[PDB]
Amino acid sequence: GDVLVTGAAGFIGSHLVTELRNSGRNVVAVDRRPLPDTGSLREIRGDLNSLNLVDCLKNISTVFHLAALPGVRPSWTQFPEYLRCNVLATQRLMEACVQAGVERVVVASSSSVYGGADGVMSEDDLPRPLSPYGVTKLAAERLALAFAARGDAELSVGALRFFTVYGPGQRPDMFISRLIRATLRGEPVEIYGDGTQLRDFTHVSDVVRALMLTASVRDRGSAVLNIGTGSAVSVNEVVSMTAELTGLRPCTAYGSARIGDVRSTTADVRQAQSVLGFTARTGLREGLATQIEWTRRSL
C-alpha cells in the first residue's frame, strides 16, 4: 500500500519522504506548512485538526506520524497549542486510522518522556517527564497504543522515542543549528546553564533508517523503541568540536538554565537492535561535519 507521513514538511519528515520515495514507495505527505522544493508524491496541505483524515488515508497501509510542536522550552507557556497539536491531533489521526483500516502506525515519541535520569534510559523505565512537552509526547504515544489495543483495531503501533536529532536540515531552534550559525555567521547563541548538560545526539540519517525498518519489519504487534546512539556528549564539548572543525570561534554567551531541560539523556539502544536490526552508524564528529557542510552550502 501507499504510505502517509504527517509533519512531512519538517526536519525529520522531509528526510523520511525523500527516502521513502527513493525506495519506490508512493507517499502522501500531510503538513500545514509547504513541503521544501521513483515513488510518487502527493502533497496534502492542511492541519490534522481540520482535514478529513479518513479521506487522506484512502489506500494508506502505513502512517508515519511526525507532526507535532517539538520544542521543549516553549511548552510551559504555549500549552493549549501543544495539547492541540501533540495530543488532540494524535487522537483524531488514530481514530481515522481505525476507520480507514490502516495496518501500521509509527509514532514519533521522544526521549523527553524519560525526564531527568542519570545514565542509560531504557524502555522499561517509568516515564517521568520534566516538561509539559514531554507530557504531551507521552500522552501521544500512550494514546496510540490504546488505539492499537482496541478489539476492533487491526493495527499495530511502533512508538519510536528519538534522542536529540541533528544533521542537514535540522530545525533552526535546536542547539546545533544555533551553534553553527554562531560559528559560521557569528550570530550569538546563549548556552542555557553551564554547558555540562549532555545529550545523546542522533544523526537524522540513522533516524530515517530506523523509520524505514519499522516500515518493513514483520508484524509482531506494537512496540516502544528508543532510537539513539547510546553515547552522550556535553554542550561544551559540542562547542569545542565545532570550533575545531571550522577554525572559527563560536559566538557564545552563558546564561541561566531553563526549567524543563533535563541534565542528561543517554539511550539504551538494545531493543531497537533486537527488534529492528537497527544500530546507529553516525557518530557526532562525523555528523557534525555533515551539518556544518550542509549549512555552508545553504548560506
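Residue indices: 1-based, along the sequence shown.
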Between the two ranges 17 to 25 and 278 to 286, the one averaging a larger CA B factor in the entry: 17 to 25
Stretch exceeding the other in mean C-alpha B-factor - 227 to 235, 44 to 52: 44 to 52
Out of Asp219, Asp200, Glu95, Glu123, residue topping the C-alpha B-factor column of the entry: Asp219
C-alpha B-factor winner, where the candidates are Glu81, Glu141, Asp118, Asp173: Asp118
Cα B factor band for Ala253 (lowest, middle or highest third within the chain): highest
Position of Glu244 among the chain's modelled residues by C-alpha B-factor, lowest, middle or highest third: middle
Record-listed C-alpha B factor of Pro70: chain third: lowest
CA B-factor placement of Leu35, once the chain's modelled residues are sorted into thirds: highest
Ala267 CA temperature factor, ranked by third within the chain: lowest
